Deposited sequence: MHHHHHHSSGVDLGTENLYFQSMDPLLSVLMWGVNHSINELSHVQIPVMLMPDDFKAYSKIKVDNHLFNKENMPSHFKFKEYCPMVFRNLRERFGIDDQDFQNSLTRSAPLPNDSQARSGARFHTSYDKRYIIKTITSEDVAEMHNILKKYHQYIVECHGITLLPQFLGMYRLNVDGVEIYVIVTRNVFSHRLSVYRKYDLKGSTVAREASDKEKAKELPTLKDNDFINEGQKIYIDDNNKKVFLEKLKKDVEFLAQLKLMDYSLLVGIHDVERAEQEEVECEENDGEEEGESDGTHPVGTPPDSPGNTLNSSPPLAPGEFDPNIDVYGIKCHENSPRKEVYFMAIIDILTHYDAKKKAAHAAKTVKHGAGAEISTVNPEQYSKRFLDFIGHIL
């Protein structure tokens, strides 16, 4: 069954605490609406086992969940069931790349600083009201839970976000895009380099989405980017993953959803290529890495939109 075992005791506690958190919330009324106190709330749990479950789990740890009611509501508004979320993060250990990915590739887990946590509380009310008003249709990072772990006197804060990329379709090419930045020699020798602004230009990278999806996509991005500028946030990226249908076919032939198809209620950032693309590709594109508080944010926001618009 589920033992939450890992060589990494921080992962064990994270799996245990997400399991704990979600079961706890199963015993707490879903409120008609969130209230101000829910934006300053937490749960702290300290465990001290003696000669009990000593092989699977560390015997001494702390787990703290920030604003559990808000992040439950955000999961709901982003179309996530708490049971599915719990399974995604606990049924098997998250895999490392620094970030981790849930075993089913739905979710990203990232270590963050206490400043980041303090800045999350600073934006949390405004972020939640924005998510309500766009009915959860945004390119913004979906913040799904936020925790503090302590084991063996090692303290970390972690955020969970939705994977920009597909849980199923492989990404053969990947870009972190800002505007106004090229991968190192070391980065480029990996299997999947995180390529950057100059790699995008100098490799002659094109993205082939039809006028309609381009308009829809640049309309969200403008709204999301203007919201980030009102918050006075900057140094955020567009993450672009490219799925090449034909490369994934030959990669697999060596060893019901058709090739180049995805479920848009799971792979929410997916966009099909247009009819006249030289190759059958699927693009996965959203905003990551939002949380730098004040170029100025106006300037950052306009340069970003201008660079993304000039590449489509």
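Taken in order along the deposited sequence, the stretches absent from the coordinates are 1-16, 114-121, 205-207, 283-314, 354-376.
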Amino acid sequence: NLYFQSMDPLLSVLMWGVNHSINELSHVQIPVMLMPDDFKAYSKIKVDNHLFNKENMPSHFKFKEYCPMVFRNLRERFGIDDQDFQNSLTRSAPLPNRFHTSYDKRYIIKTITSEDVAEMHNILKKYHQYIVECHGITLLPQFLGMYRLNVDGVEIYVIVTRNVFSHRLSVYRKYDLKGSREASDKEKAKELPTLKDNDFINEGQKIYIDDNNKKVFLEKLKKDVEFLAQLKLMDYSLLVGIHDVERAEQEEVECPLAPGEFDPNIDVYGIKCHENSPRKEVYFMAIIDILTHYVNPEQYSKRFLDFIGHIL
From here on, numbers count along this sequence of modelled residues.
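In this text, the rigid core denotes the largest set of C-alpha atoms whose superposition between the two forms falls within 1.5 Å.
Displacement analysis by core superposition in 6 other deposited structures of this protein ranks 191-199 above the other of 191-199 and 155-163 in root-mean-square C-alpha distance from the shown form.
Once the rigid core is used to overlay the structures in 6 other deposited structures of this protein, the stretch among 46-54 and 281-289 whose CA atoms lie farther from this form is 46-54. In the comparison with other entries of the same protein, residue 256 is left without coordinates in at least one third of those covering both sides of it.
Here the stretch with the larger average CA B-factor, out of 54-62 and 245-253, is 245-253. Mean C-alpha B-factor is higher over 196-204 than over the other stretch, the pair under comparison being 196-204 and 134-142. When the Cα B-factors of 84, 176, 210, 155 are read from the PDB record, 210 comes out highest. Taking only the listed residues 224, 191, 76, 116, the entry reports the highest CA temperature factor at 191. Among the modelled residues of the chain, residue 165 sits in the middle third by CA temperature factor in this PDB entry. In the PDB entry, a CA B factor belonging to the lowest third of its chain's modelled residues is recorded for residue 16. Among the modelled residues of the chain, residue 228 sits in the lowest third by CA temperature factor in this PDB entry. Annotation for residue 47: C-alpha temperature factor in the middle third relative to the rest of the modelled chain, per the entry.
Ranked against the other modelled residues of its chain, the C-alpha B-factor of residue 217 as given in the entry falls in the middle third.
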